[PDB]
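Notes for the one structure printed next.
This is the structure in structure tokens:
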């Protein structure tokens with residue numbers, strides 16, 4: 016907790032991030048399109064401030 | 016038969032004089048959080064002598 020590195024154990028990994036991944040995770044494909052609504056719907060719509 | 020009856024009586028007196036000399040040395044390491052991250056290192060050494 017306090018002033019590690021000469022205290023305990025660490026593990027550290029590099030990452031990437033996506034500003035819209037949390038948005039498109041609520042998309043199911045459902046191969047059929049009904050009445051020319053050639054688009055999908057998310058269960059939750061998040062903005063680009065949600066990494 | 017031969018029958019005996021002995022009785023005794025002792026009186027003793029002992030005096031001791033001791034003298035000890037002790038030395039101590041230690042290190043105390045402190046890390047914590049108090050309105051920010053802190054750290055201390057204490058180094059003490061003591062000398063006792065008793066008679």
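Protein chains in written order, with our numbering: chain V, 16 to 66; chain E, 16 to 66.
Here a beta-carbon is modelled for each residue, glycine too, at the ideal position from N, C-alpha and C.
Closest Cα partner of residue i within the set the options
{"i": "residue 66 of chain E", "options": "E:22, E:23, E:34", "result": "E:34"}
{"i": "residue 60 of chain V", "options": "V:38, V:52, V:45", "result": "V:38"}
{"i": "residue 20 of chain V", "options": "E:56, E:29, E:46", "result": "E:46"}
{"i": "residue 40 of chain V", "options": "V:50, V:24, V:22, V:55", "result": "V:55"}
Those residues which DSSP pairs with residue i across a bridge
{"i": "residue 60 of chain E", "result": "E:40"}
{"i": "residue 47 of chain E", "result": "E:53"}
CB contact flag (residue i, residue j, <8 Å)
{"i": "residue 42 of chain E", "j": "residue 58 of chain E", "result": "yes"}
{"i": "residue 17 of chain V", "j": "residue 52 of chain E", "result": "yes"}
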